[PDB]
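Okay, so here's just one chain, in C-alpha cells, the form deposited in one PDB entry.
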C-alpha cells in the first residue's frame, strides 16, 4: 500500500492554538486564537503538501498557489474529521485547546459557518468515512481549486489530479463502487461552499481588523489580502464533481 503508506506517514500531528481557556470568552480573544491557529496550521499544510506523491511534478510557481487557494478547504475538512473522531461531532475541535461549543460559535460571530462544519463532521460518521478514505480525499482537496487564466503548467496539474482520483478509485475498489464514489464526491463538493463562507468571513474581518482588536499573522494576512480576493471575485474557482 505504497500510496496510503505515504499519506499516513506525512499526516500532520496535533497543532495547538495557544488559547487562554482560563479566561472568559471574548470575540477578540477567540478570533486572535483562530488566526494564530491558522498561521500555525498553514506551516504544517505547506510541509504536508510538499511531501505528497508527485507534488514536485508541478511548476514551482503553481505549488505555493495551489496550497494557498486550497488552504481553507483543507483546514475545514481536517477539522471536521477531528471533531468526529474526538468528540463525536458534539463540538468543533479546532485544536485540543480551542474546542467550540455553541456559546463560542455564537461569540465568534461565525455561527452559520460553524453549524455547517458541524454538519460536515456528522457526515463523516453517517457515511462511515474510513481513515484511509479521509486521507485520500483530503489530498485530492489540494487539487480542487484553480485559476481561470490557468496555472503556469496546467497539464502537470491535470495529470496529478487525475492520478489522485485514480487512487481514490482504488481505495474504493461495480455498482457498489459507483455508489461509494457518488457519496464521496458529493461530500468533497460540500466542502467548497463552506470554505467560501469562511473566506468571506476572514476577508471581512481582515478589512475591519484594526477596529475589532483582532490580530492577523503575517502569512495569513498575505493570503487573505492577495489570494482570497481572487477566489471571491471569481478569478479562481473550485472544481466541482457535480
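Residue numbers count along the first chain shown, from 1.
Note that the form solved in complex with a partner chain isn't included here; everything after this is about it.
For the candidate spot formed by 68, 218 and 222, every residue has a non-hydrogen atom within 4.5 angstroms of the partner chain in the deposited bound form.
Only one of the listed residues (63, 185, 209, 57) places a non-hydrogen atom within 4.5 angstroms of the partner chain in the deposited bound form, and that residue is 63. For the options 46, 52, 198, 214, the one in contact with the partner chain in the deposited bound form, meaning a heavy atom within 4.5 Å, is 46.
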